[PDB]
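What follows is a single structure, written as structure tokens, with notes after it.
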Amino acid sequence: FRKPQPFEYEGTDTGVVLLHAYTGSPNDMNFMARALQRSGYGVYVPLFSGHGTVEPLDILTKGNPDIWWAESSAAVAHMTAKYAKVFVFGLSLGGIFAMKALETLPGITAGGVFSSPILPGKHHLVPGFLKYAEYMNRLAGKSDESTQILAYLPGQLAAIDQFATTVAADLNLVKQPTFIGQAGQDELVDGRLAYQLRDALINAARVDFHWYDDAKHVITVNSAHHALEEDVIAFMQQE
């Protein structure tokens, strides 16, 4: 098992921050990062605390939304120090912080999400989390941690929901053009949320909305990734 490290590609005028999935890592962003590099963009893909290790409990005990927001915020500052223009996207988790960045942080040209937010009552993550852990724990040569997981997961999911609900309430503050990408066969989050996000962005200069009809959740990595890359690049060029 290799620990995915944060990584960076140099560009010239325009940089892009990509914030990864919950239980994910910078690997979520490998195809997209490279696609943006091929179009001359700078890219930075940080690692959220607790993530990227052989031990699933690290996510639950070493990371939390406030840490991940600080890290998201620092990653944006890293790029807005260097490039004339900066874009910020993320998956579901990463996308909460990307939208909070558009709402609350200076110097961002545009941004958006590659999947719907994690909001109360609108997700089936517990089964997924436990399945992710089992794979990691098999891979590792380690025994089931379901019990310890269950003692923490609901607490953390509620932490994320709470963080997300505050971000959702402030979507009126977004002025930037905003990208919305959603998988059509998503079992982890309720894709209808993407339609609600579009509608909540009442002051966004524009909303570039895409649906990936036969794709599962992680559209940056699965069958939809070529289309996604094309649409995100076109969106960036449009600005």
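Note that each Cβ is placed from the backbone with ideal geometry, even for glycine, and that neighbours are counted across all protein chains shown. None of the figures in this text is laboratory data; all of them are computed from the coordinates on show.
Residue-by-condition table, conditions (1) surrounded by 14 or more Cβ atoms within 10 Å (Cβ to Cβ); (2) within 25 Å of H226 (Cα to Cα); (3) in contact with a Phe, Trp or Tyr (Cβ under 9 Å, 6 or more places away or on another chain):
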position	(1), (2), (3)
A98	yes, yes, yes
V113	yes, yes, yes
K142	yes, no, no
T147	no, no, no
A158	no, no, no
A168	yes, no, no
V174	yes, no, no
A183	yes, yes, yes
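Among what's in region 36-45 and is touching a residue at least 12 places away in the same chain (Cβ under 8 Å) and out of contact with any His (no Cβ under 8 Å at 6 or more places or on another chain), pick the residue that is surrounded by the fewest Cβ atoms within 10 Å (Cβ to Cβ).
First pass over region 36-45, keeping only residues touching a residue at least 12 places away in the same chain (Cβ under 8 Å): 36-37, 39-45.
So of that shortlist, the ones also out of contact with any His (no Cβ under 8 Å at 6 or more places or on another chain) come out as 36-37, 39-43.
Numbers: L36: 25, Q37: 15, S39: 15, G40: 10, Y41: 22, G42: 21, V43: 23.
Step by step, filter region 36-45, then rank; the result is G40.
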Task: Evaluation of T23 against (1) assigned to a helix (DSSP H, G or I); (2) more than 23 Å from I108 (Cβ to Cβ) (one fails), failing number - done: (1)
Open item on the list: If I go through region 55-94 residue by residue, how many of them are part of a helix (DSSP H, G or I) and either among the basic types (K, R) or farther than 29 Å from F129 by Cα (or both)?
Closed with: 5
TODO: With respect to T109, determine if the residue is surrounded by fewer than 16 Cβ atoms within 10 Å (Cβ to Cβ) and of a type in the set (S, T, N, Q).
DONE: no
Open item on the list: Against the condition touching an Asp or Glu at 6+ places or on another chain (Cβ under 9 Å), within 17 Å of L93 (Cα to Cα), touching a residue at least 12 places away in the same chain (Cβ under 8 Å) and small (G, A, S), how does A168 come out, does it pass?
Closed with: no
- [ ] Just one of (1) surrounded by fewer than 16 Cβ atoms within 10 Å (Cβ to Cβ); (2) more than 21 Å from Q162 (Cα to Cα) trips up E134, so point out which.
- [x] (1)
